[PDB]
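This report refers to the structure that appears directly beneath it.
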Amino acid sequence: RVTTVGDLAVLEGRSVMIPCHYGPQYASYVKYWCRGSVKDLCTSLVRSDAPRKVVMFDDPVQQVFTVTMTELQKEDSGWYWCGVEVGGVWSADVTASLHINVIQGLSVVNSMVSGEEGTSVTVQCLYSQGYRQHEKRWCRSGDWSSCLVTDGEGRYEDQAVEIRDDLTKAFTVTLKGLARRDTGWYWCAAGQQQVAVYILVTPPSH
């Protein structure tokens with residue numbers, strides 16, 4: 001038995017850390033990480049016996065080997081396999097697949113953010129590598145003229161809203177003091193890509 005996580009979606013430029021868990025029989029065998037939709041036609045990318053891009057760490061005591069793939073590119077999308085190198089065992093017992101979809105655009109940590117009127121909330125907008133140099137914007141849905149846009153230093157600030165772009169992976173939008181009219185749909189956006197975020201402002205408490 002070899003098992004791993006379910007299919008993944010990751011923004012271009014980010015890394016993944018994949019556990020390949022295996023049964024206690026397989027502690028002593030070489031572990032490998034394979035790419036291809038068809039196990040019998042796959043290409044080995046890294047092995048646990050390599051002499052001393054992708055990193056492998058087999059931990060027999062925890063009965064898992066961990067595969068790290070860094071700086072993923074869109075062309076890295078596809079099927080991958082955890083494998084144990086052992087002869088004379090059913091291939092299904094010593095391999096496990098998963099699909100990695102490397103995406104270009106934006107995503108959001110939490111697409112529903114709520115807070116009491118008069119308090120502050122933060123939205124964390126994530127973006128893939130191709131948007132590092134784009135101005136970032138926060139817009140109210142339905143209102144083109146409402147966008148608040150970062151400057152050349154990745155910054156926007158007025159009385160109500162601050163945007164801080166870390167210039168590599170994410171920009172945060174801080175709504176500094178919610179009013180109940182702020183409830184509704186918004187966009188994190190860069191270039192022609194966007195991700196929807198809902199803000200729910202709840203009543204002030206006694």
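In the structure tokens, chains take letters A, B, ... by order of appearance, with residues numbered from 1 within each chain and ligands from 1 in the order shown.
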_Env of residue 48 in chain A: 8 Å cut, atoms = only C-alpha atoms, seq-sep filter 3 positions within chain, self excluded. Answer as a list in words._
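Near neighbours after the sequence-gap exclusion: residues 30, 31, 32, 56, 57 and 58 of chain A.
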_Which residues are close to range 129-131 of chain A, i.e. within 12 Å by only C-alpha atoms, leaving aside same-chain residues fewer than 3 positions away? Reply as a ChimeraX atom specification._
/A:10-15,71-74,102-106,125-126,134-137,154,165-171,189-194
Those selected residues, please, written with N, CA and C atoms and delivered as a CSV table (one decimal), in the first residue's frame.
```csv
chain,number,residue,atom,x,y,z
A,10,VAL,N,-2.1,24.6,-7.9
A,10,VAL,CA,-1.1,25.5,-7.3
A,10,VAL,C,-0.8,26.6,-8.3
A,11,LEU,N,-0.6,27.8,-7.7
A,11,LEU,CA,-0.3,28.9,-8.6
A,11,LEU,C,1.2,28.8,-9.1
A,12,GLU,N,1.4,29.2,-10.4
A,12,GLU,CA,2.7,29.1,-11.0
A,12,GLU,C,3.7,29.9,-10.2
A,13,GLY,N,4.8,29.3,-9.9
A,13,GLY,CA,5.9,29.9,-9.1
A,13,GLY,C,6.0,29.3,-7.7
A,14,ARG,N,4.9,28.7,-7.1
A,14,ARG,CA,4.9,28.2,-5.8
A,14,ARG,C,5.4,26.8,-5.8
A,15,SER,N,5.6,26.3,-4.6
A,15,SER,CA,6.2,24.9,-4.3
A,15,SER,C,5.1,24.0,-3.8
A,71,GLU,N,9.1,26.1,-7.4
A,71,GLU,CA,9.0,27.0,-8.6
A,71,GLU,C,8.3,26.4,-9.7
A,72,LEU,N,7.1,25.8,-9.4
A,72,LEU,CA,6.4,25.0,-10.5
A,72,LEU,C,6.0,25.9,-11.6
A,73,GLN,N,6.1,25.4,-12.8
A,73,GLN,CA,5.8,26.1,-14.0
A,73,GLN,C,4.5,25.5,-14.7
A,74,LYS,N,3.8,26.3,-15.5
A,74,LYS,CA,2.6,25.7,-16.1
A,74,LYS,C,2.9,24.4,-16.8
A,102,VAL,N,-0.9,23.4,-12.5
A,102,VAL,CA,-0.2,24.6,-12.2
A,102,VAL,C,-0.9,25.7,-12.9
A,103,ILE,N,-1.4,26.7,-12.2
A,103,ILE,CA,-2.3,27.7,-12.8
A,103,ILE,C,-1.7,29.1,-12.8
A,104,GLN,N,-2.2,29.8,-13.8
A,104,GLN,CA,-1.8,31.2,-13.9
A,104,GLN,C,-3.0,32.1,-13.6
A,105,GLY,N,-2.8,33.1,-12.7
A,105,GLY,CA,-3.9,34.0,-12.3
A,105,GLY,C,-3.8,34.3,-10.8
A,106,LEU,N,-5.0,34.4,-10.2
A,106,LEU,CA,-5.1,34.8,-8.8
A,106,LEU,C,-6.0,33.9,-8.0
A,125,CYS,N,-4.9,38.3,-1.1
A,125,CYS,CA,-5.0,37.9,-2.5
A,125,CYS,C,-3.7,37.3,-3.0
A,126,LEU,N,-3.7,36.1,-3.5
A,126,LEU,CA,-2.5,35.4,-4.0
A,126,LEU,C,-2.4,35.5,-5.5
A,134,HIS,N,2.7,43.5,-12.2
A,134,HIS,CA,1.4,44.2,-12.5
A,134,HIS,C,1.0,45.1,-11.4
A,135,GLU,N,0.3,46.2,-11.7
A,135,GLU,CA,-0.3,46.9,-10.6
A,135,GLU,C,-1.5,46.0,-10.1
A,136,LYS,N,-1.7,46.0,-8.8
A,136,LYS,CA,-2.7,45.2,-8.2
A,136,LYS,C,-3.9,46.1,-7.9
A,137,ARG,N,-5.1,45.5,-7.9
A,137,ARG,CA,-6.3,46.3,-7.7
A,137,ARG,C,-7.4,45.6,-6.8
A,154,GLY,N,4.1,49.0,-4.8
A,154,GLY,CA,3.2,48.0,-4.3
A,154,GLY,C,2.2,48.5,-3.2
A,165,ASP,N,1.4,45.0,-1.5
A,165,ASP,CA,1.8,44.0,-2.4
A,165,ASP,C,3.2,43.6,-2.0
A,166,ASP,N,3.5,42.3,-1.6
A,166,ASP,CA,4.8,41.9,-1.3
A,166,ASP,C,5.7,41.7,-2.5
A,167,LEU,N,5.2,42.0,-3.7
A,167,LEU,CA,6.0,42.0,-4.9
A,167,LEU,C,6.4,40.6,-5.4
A,168,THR,N,6.1,39.6,-4.7
A,168,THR,CA,6.5,38.3,-5.1
A,168,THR,C,5.4,37.2,-5.2
A,169,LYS,N,4.4,37.3,-4.3
A,169,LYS,CA,3.4,36.2,-4.2
A,169,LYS,C,2.0,36.6,-3.9
A,170,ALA,N,1.8,37.7,-3.2
A,170,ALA,CA,0.5,38.0,-2.5
A,170,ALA,C,0.4,39.5,-2.3
A,171,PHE,N,-0.8,40.0,-2.3
A,171,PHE,CA,-1.1,41.3,-1.8
A,171,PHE,C,-2.2,41.3,-0.8
A,189,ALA,N,-7.6,41.8,-8.3
A,189,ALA,CA,-7.4,41.7,-9.7
A,189,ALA,C,-6.0,42.2,-10.1
A,190,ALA,N,-5.5,41.6,-11.1
A,190,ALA,CA,-4.2,42.0,-11.7
A,190,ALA,C,-4.3,41.7,-13.2
A,191,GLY,N,-3.8,42.7,-14.0
A,191,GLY,CA,-4.1,42.4,-15.4
A,191,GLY,C,-5.5,42.1,-15.7
A,192,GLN,N,-5.8,41.1,-16.6
A,192,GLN,CA,-7.1,40.7,-16.9
A,192,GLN,C,-7.6,39.6,-16.1
A,193,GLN,N,-7.0,39.3,-15.0
A,193,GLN,CA,-7.4,38.2,-14.1
A,193,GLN,C,-8.0,38.7,-12.8
A,194,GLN,N,-8.9,38.0,-12.2
A,194,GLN,CA,-9.6,38.5,-11.0
A,194,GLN,C,-10.0,37.3,-10.2
```
*Quick one: of A:174, A:26, A:80, A:119, who's nearest to residue 43 in chain A, counting only C-alpha atoms?*
A:80
Neighbour list for residue 117 in chain A as a PDB file with C-alpha atoms, in the first residue's frame, cut-off 6 Å, only C-alpha atoms, skip fewer than 4 positions in-chain:
```
ATOM      1  CA  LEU A 178     -16.036  48.385   8.106  1.00  0.00           C
ATOM      2  CA  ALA A 179     -19.337  50.109   7.434  1.00  0.00           C
ATOM      3  CA  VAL A 201     -20.274  43.338   7.657  1.00  0.00           C
ATOM      4  CA  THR A 202     -22.254  42.320  10.702  1.00  0.00           C
ATOM      5  CA  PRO A 203     -23.894  44.563  13.302  1.00  0.00           C
ATOM      6  CA  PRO A 204     -21.791  46.173  16.017  1.00  0.00           C
TER       7      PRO A 204
END
```
_Nearest residue to residue 77 in chain A from the set A:140, A:132, A:53, A:35 (distances using only C-alpha atoms)_ =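 With only C-alpha atoms as the atom set, the closest residue is A:35.
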_DSSP-assigned strand (DSSP E) members of chain A, reported as number ranges by chain_ = A: 2-3, 8-11, 16-22, 30-35, 43-47, 54-59, 64-69, 78-85, 95-103, 106-108, 112-116, 121-127, 136-140, 148-149, 155-157, 161-165, 170-175, 184-190, 193-202
*To one decimal in Å, tell me the separation between CA of residue 93 in chain A and CA of residue 55 in chain A.*
23.3 Å
_Selection near residue 112 in chain A, 6 Å with only C-alpha atoms, sequence-local residues under 2 positions removed, as a VMD selection string_ = chain A and resid 110 197 to 198
*Nearest residue to residue 162 in chain A from the set A:138, A:29, A:144, A:22 (distances using only C-alpha atoms)*: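 Closest to residue 162 in chain A of all the choices is A:138.
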*May I have all residues of chain A that DSSP, computed from the backbone, assigns to helix (DSSP H, G or I), given as a PyMOL selection string?*
chain A and resi 24-26+39-41+74-76+91-93+129-131+144-146+180-182
*Measuring atom to atom with only C-alpha atoms, identify which of A:37, A:159, A:3, A:101 is nearest to residue 16 in chain A.*
A:101
